[PDB]
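Read through the structure below, which is laid out as structure tokens, and then see the notes.
2 protein chains.
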Amino acid sequence: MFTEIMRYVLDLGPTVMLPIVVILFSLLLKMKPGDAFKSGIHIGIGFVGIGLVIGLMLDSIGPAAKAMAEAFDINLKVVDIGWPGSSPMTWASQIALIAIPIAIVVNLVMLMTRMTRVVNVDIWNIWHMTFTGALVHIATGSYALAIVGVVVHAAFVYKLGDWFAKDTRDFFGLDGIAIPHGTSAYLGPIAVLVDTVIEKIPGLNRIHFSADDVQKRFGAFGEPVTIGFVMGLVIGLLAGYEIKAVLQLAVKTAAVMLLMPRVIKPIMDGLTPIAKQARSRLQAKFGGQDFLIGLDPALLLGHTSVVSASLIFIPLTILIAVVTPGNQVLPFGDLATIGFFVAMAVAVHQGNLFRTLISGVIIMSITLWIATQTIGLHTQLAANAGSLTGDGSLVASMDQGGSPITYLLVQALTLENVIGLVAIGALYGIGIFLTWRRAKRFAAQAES
Amino acid sequence: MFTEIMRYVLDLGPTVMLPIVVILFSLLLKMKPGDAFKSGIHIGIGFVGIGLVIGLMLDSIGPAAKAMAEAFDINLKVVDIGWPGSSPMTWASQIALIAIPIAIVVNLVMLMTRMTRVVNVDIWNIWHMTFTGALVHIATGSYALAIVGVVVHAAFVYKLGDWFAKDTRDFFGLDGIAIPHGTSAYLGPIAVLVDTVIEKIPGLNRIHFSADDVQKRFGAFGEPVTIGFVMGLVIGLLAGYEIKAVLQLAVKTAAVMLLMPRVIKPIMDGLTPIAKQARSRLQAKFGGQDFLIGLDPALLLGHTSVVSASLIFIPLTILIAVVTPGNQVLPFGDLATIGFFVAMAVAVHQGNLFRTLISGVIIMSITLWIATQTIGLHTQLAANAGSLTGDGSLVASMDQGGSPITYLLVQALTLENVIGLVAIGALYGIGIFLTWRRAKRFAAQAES
Ligand SMILES: CCCCCCCC/C=C/CCCCCCCC(=O)OC[C@H](O)CO
Ligand SMILES: CCCCCCCC/C=C\CCCCCCCC(=O)OC[C@H](O)CO
């Protein structure tokens, strides 16, 4: 049955499934069978360690961030269940498994028609696409309309991999990889618009503050490792921790800033020989068609500036929640892994923390406002999974719940908040145009 | 008073309190302030990573071995509760918190009297000493005899660090570091005895099965990361796992071999700048004498040849437990991290798997035999700790329970099985003498 083979492939995990696809690719690409196996284990090993460092972030940064949002007594009554809550509900929609074949077909069609360079292999992040389908399925009522939302969500993020390819390769040091999925990509355009506005404003465009400039004026005390200690200290202190826990947490937050880059190094260390052999062999066929492998947004967290923004924005997002007019959602389950959101924002500004902070507040307010507009739909998906109990408490989430994609699609087929469609649609739509043009120039520069 | 502060120093953690001594010491050495901090934070990030990798061993390789041994639930009816069960029991003894100062004074007395060169800083593996003290206390019934065994265990392990210092540096890369604690060091003298016998036997002294010879024969299939996978497959199958869990475990068992060397490096990199300044200041003052810091035996699992021996010996220790004459103890808790028993054996044989295996079988049979002979005390160690019912189920452990140090101390003061006293003491006694000659020979080879 399709369901068993898909649920066996899904529950096989990136620990097993992705290396096989990596090993199969190199076995046909005339590589020594031993060399083909070596990369497969290293890609899987990195994902094992990736699950470990991410396990540390959500189990020691998370409970402290969750403690801040409660210690700051506000009125926000709806609690951000986070992507750890959104995906279980989403994988409980009827379109959950059927989306994965659909999303590859959209890839395979686009690959033959030279509409995308990304050959996505991460079949586990498709829950973001099912979320767009599930919420459209709730609001419109057409099985087709949910399915088309899967295709639109698939085709968009595929080009989001194309348009952020130099940013992934040159900034994050990921050659041959594109990061299509998750919050980093689909909130990437918003930061491409902020850095487009800022560059054209005099004086503002000359404000800089890169983390290297902290190290150029403080030395050991400006190193990424040191910052992870101090910010962890404050995240504990703002959470009321005793001096024992604040100290213990501050090393764990620092430990992210050293261990996380090291656990992603296995994947790059295994993908490199495969790419060089294939480029030696595919340049002579398709004609200079430099393909991109689609991978989890997790690898992006290997940047000292992304982690710095992540810990920095843990208090900021709670403050963005209060200030943002019309928000009713309290940051929670996505506070620990909140560096996912402002990830490509750092890549666009190329390290300027000044523009990162401006971008982050825009990104958070919008996603906090949008998630407030999707509280009704998000709760039905929770009811449609037996998720929330007899309390009837409202369910909201910042990952996929605060998605411009899932929102803007829903507000198109329903026409509830036309003003909301126009303001969000113009902002996001301009960002997509500016993100698309930024890649046009990049392709004419590298080539000539 | 003392008990509150002792817990506060103890509960603060190896991640928080060790940097404190390290940061204070660099300040004593007039090292830079920011440079003093940086070394301390890296040591914590080293120990954050150690707990994570040692967690994946316990939670994935663990339940794998607990399944294999469950086949023999019917012959061996006493279960090795391992060190994850022996440490909490030992921390509930009356001699627990009083053992920290007693061990430090014994080190201070031995350092001043120029009897040892180990400045132990692991106030956490003092429990191995308390276990020897506590079992003497249950057996003899003398509080004085309990404290003596702690000192004798302290004096032995402090000398163990000096006598196995070349191995911790030439074979493990831990310069200025000694590994006194742990099953590994105190069962190290047995491996020295096996090497002497074999090297005196013709032909058997010329059998080499090293990792480098494994690599040239096989290639990428003899690399450390590949080897952990192949055994990870076997460890899954022997536990009766499905085909997917076999595969998922196998990447994680190979991930151990790659991640663990990279989570101990920050401890090395943080201690290294302090070591050189200490040699600069303290060289002339202390007669040109080189000191060793005493840390955890988990930095020895950063050797890829030890992790291999930790997977190879999961079935063997089990199979040994069936044919060892008089063994009632089923290996269990200590199997997820069985490499902790043969760690210095890997360094004595210079990584020779042929001599590692021949030593490794010897050490397990002795410990399993001794762990059978210490069940009555171990069961009463649990009754006094509150970890017992009315079933009559018996407690045993190869970690500390199978210890020759606890056995020979208990068997010297009680004189129960004088036959067992003579047999274990003679082998251990010849072994310790060989281990002292090793240190005298190496020291005189440094003078030349
Ligand atoms: C730079 C290139 C990209 C630019 C991107 C610009 C985005 C424009 C806005 C989109 C939403 C438009 C909503 C239009 C609504 C039509 C009115 C309608 O249907 O009205 C029904 C309602 O009942 C009446 O009250
Ligand atoms: C290999 C090395 C061999 C030599 C190593 C040296 C061993 C002895 C040294 C110090 C501790 C002496 C014992 C001190 C015990 C004190 C007990 C005590 O104070 O007990 C009073 C109390 O009333 C009871 O309940």
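Heads up: the sequence lines are chains B and A, in that order.
Heads up: the first sequence begins at 1 in the authors' numbering, then just goes up one per residue.
Heads up: the second sequence begins at 1 in the authors' numbering, then just goes up one per residue.
Where a beta carbon is used, it is the ideal one built from N, C-alpha and C, also for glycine.
Inter-residue CB distance, residue i and residue j (contact presumed, cutoff 8 Å)
{"i": "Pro331/A", "j": "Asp162/A", "result": "About 31 Å; that fails the 8 Å criterion."}
{"i": "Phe209/A", "j": "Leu353/A", "result": "4 Å"}
{"i": "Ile45/A", "j": "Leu259/B", "result": "7 Å"}
{"i": "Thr374/A", "j": "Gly401/A", "result": "5 Å"}
{"i": "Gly173/A", "j": "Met268/A", "result": "7 Å"}
{"i": "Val150/A", "j": "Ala103/A", "result": "7 Å"}
{"i": "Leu335/B", "j": "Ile312/B", "result": "The pair is not a contact, with the Cβ atoms about 12 Å apart (cut-off 8 Å)."}
{"i": "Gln445/B", "j": "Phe171/B", "result": "At roughly 16 Å, the Cβ-Cβ gap does not stay under 8 Å, so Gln445/B and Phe171/B are not in contact."}
{"i": "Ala211/B", "j": "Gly232/B", "result": "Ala211/B to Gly232/B, Cβ: 16 Å. No contact."}
{"i": "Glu223/A", "j": "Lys38/B", "result": "7 Å"}
{"i": "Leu52/A", "j": "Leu247/B", "result": "Incorrect: roughly 19 Å between the Cβ atoms, too far for contact."}
{"i": "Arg355/B", "j": "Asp195/B", "result": "6 Å"}
{"i": "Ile95/A", "j": "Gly133/A", "result": "5 Å"}
{"i": "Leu97/A", "j": "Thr168/A", "result": "Contact flag wrong, Cβ pair sits at about 29 Å."}
Within 8 Å, strictly: CB atoms of residue i and residue j
{"i": "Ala396/B", "j": "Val329/B", "result": "yes"}
{"i": "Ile363/B", "j": "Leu204/B", "result": "no"}
{"i": "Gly360/B", "j": "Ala220/A", "result": "no"}
{"i": "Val263/A", "j": "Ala309/A", "result": "no"}
{"i": "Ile177/A", "j": "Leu295/A", "result": "yes"}
{"i": "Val192/B", "j": "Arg438/B", "result": "yes"}
{"i": "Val121/A", "j": "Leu111/A", "result": "no"}
{"i": "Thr372/B", "j": "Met398/B", "result": "no"}
{"i": "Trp124/A", "j": "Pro14/A", "result": "yes"}
{"i": "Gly431/A", "j": "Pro189/A", "result": "yes"}
{"i": "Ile54/B", "j": "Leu18/B", "result": "no"}
{"i": "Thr414/A", "j": "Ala139/A", "result": "yes"}
{"i": "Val225/B", "j": "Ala254/B", "result": "yes"}
{"i": "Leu377/A", "j": "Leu135/A", "result": "yes"}
{"i": "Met89/B", "j": "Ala382/B", "result": "yes"}
{"i": "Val256/A", "j": "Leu10/A", "result": "no"}
{"i": "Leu292/A", "j": "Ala165/A", "result": "yes"}
{"i": "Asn384/B", "j": "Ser93/B", "result": "yes"}
{"i": "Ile61/A", "j": "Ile207/A", "result": "no"}
Residues sharing a beta bridge with residue i, DSSP
{"i": "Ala92/A", "result": "Note: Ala92/A sits in no beta bridge, so no partner."}
{"i": "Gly294/A", "result": "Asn120/A, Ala178/A"}
{"i": "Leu330/A", "result": "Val79/A"}
{"i": "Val395/B", "result": "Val79/B"}
Element boundaries [alpha helix (DSSP H), containing residue i]
{"i": "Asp399/A", "result": "Neither: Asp399/A is in no alpha helix (DSSP H) and is coded neither H nor E."}
{"i": "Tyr158/A", "result": "143-163"}
{"i": "residue 496/B", "result": "Given that chain B is displayed from residue 1 to residue 448, the structure contains no residue 496/B and the question cannot be resolved."}
{"i": "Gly34/B", "result": "33-56"}
{"i": "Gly240/A", "result": "Here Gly240/A belongs to no alpha helix (DSSP H), and DSSP marks it neither H nor E."}
{"i": "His378/A", "result": "375-383"}
{"i": "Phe25/A", "result": "17-28"}
{"i": "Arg217/A", "result": "211-218"}
{"i": "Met6/A", "result": "2-12"}
{"i": "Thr304/B", "result": "304-323"}
{"i": "residue 455/A", "result": "This structure cannot settle anything about residue 455/A, because the visible part of chain A is limited to 1 through 448."}
{"i": "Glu199/B", "result": "188-199"}
{"i": "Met344/A", "result": "343-348"}
{"i": "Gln411/A", "result": "404-413"}
{"i": "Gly133/B", "result": "127-139"}
{"i": "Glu70/B", "result": "62-71"}
Listed by chain order, which residues have C-beta atoms less than 6 Å from any heavy atom of ligand 1? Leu415/B, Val418/B, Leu421/B, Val422/B, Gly425/B, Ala426/B, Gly429/B, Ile430/B, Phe433/B
Please list, following the chain, all residues that have a C-beta closer than 7 Å to any non-hydrogen atom of ligand 2. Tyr143/A, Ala144/A, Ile147/A, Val148/A, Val151/A, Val152/A, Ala155/A, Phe156/A
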